[PDB]
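In the form deposited without the DNA, a lone chain appears below as structure tokens.
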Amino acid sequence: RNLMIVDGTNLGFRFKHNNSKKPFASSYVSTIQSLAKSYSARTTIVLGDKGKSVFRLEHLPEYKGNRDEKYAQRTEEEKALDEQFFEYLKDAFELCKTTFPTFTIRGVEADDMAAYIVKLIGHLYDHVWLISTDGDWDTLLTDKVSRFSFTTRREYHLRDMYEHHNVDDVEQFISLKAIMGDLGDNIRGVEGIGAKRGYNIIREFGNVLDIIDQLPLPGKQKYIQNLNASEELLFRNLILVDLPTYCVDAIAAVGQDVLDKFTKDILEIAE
């Protein structure tokens, strides 16, 4: 029997993209019942997001400050549609409450909880299935932990780290994010360095903490020059992207008590 951790808000947004008018709460859970059946999910855990990441906002005050700007310039109809979605989502998460253990810790991101659960109980199962279209969740991939994106109807395994992410492992994917950047979450990257360039640098010099040791790096390229002055940016981004290493801190940032209850609840389910 396997473990299934769903990315609630993420799946919800997929139901929005398919249709912004029609409610989805019913299909949502049913779809999750189908997936659990297929992946012999003996245990199923639904997780959604609730608020900005307290842990991230600390190391980067402007973290995700771009998604706010986008809502500021939305018309009445747009903000309306947006509000609808979030309503239908709240309903969707309520429906789940009747079938699957659901969780929402305001101030903690979903990936932070999924990563904490994976660590905490991942060993109690034969496999762990992450249900998300978000490839950032691929930082949890192991030979016993895999992801499944509906948008592509494809499942992603560790061996697929290069084709899908331009890197070779979980540590390189973290270093690439920290070096490259992440527009979607509004995280500044080394100006001039992208996926292909970032990889090559990593392949030749190693992970971030290894590249910091070697700065300045040889080369007369501007991105190689920009790199040599991003040390501060690198240390920062690394914390924001290194999910498996900072997930316990990310949750504890909202209370040594909230972390305790969530720990108790998980194991109280994986038993």
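Numbering starts at 1 and follows the sequence shown.
Note that the form deposited with the DNA bound isn't included here; everything after this is about it.
Under a 4.5 angstroms non-hydrogen atom cutoff, the DNA in the bound PDB entry lacks residue 169 among its neighbouring residues.
At a distance threshold of 4.5 angstroms between non-hydrogen atoms, residue 106 is in contact with the DNA in the bound PDB entry.
Using a 4.5 Å cutoff between non-hydrogen atoms, residue 124 does not count as a contact of the DNA in the bound PDB entry.
Remark: residue 256 does not count among the residues lining the DNA in the bound PDB entry, judged by a heavy atom distance of 4.5 Å or less. Looking at the DNA in the bound PDB entry, residues 7, 49 and 77 each place a heavy atom within 4.5 Å of it. Contacts with the DNA in the bound PDB entry, taken as any heavy atom within 4.5 Å, map within 218-234 to 221, 222.
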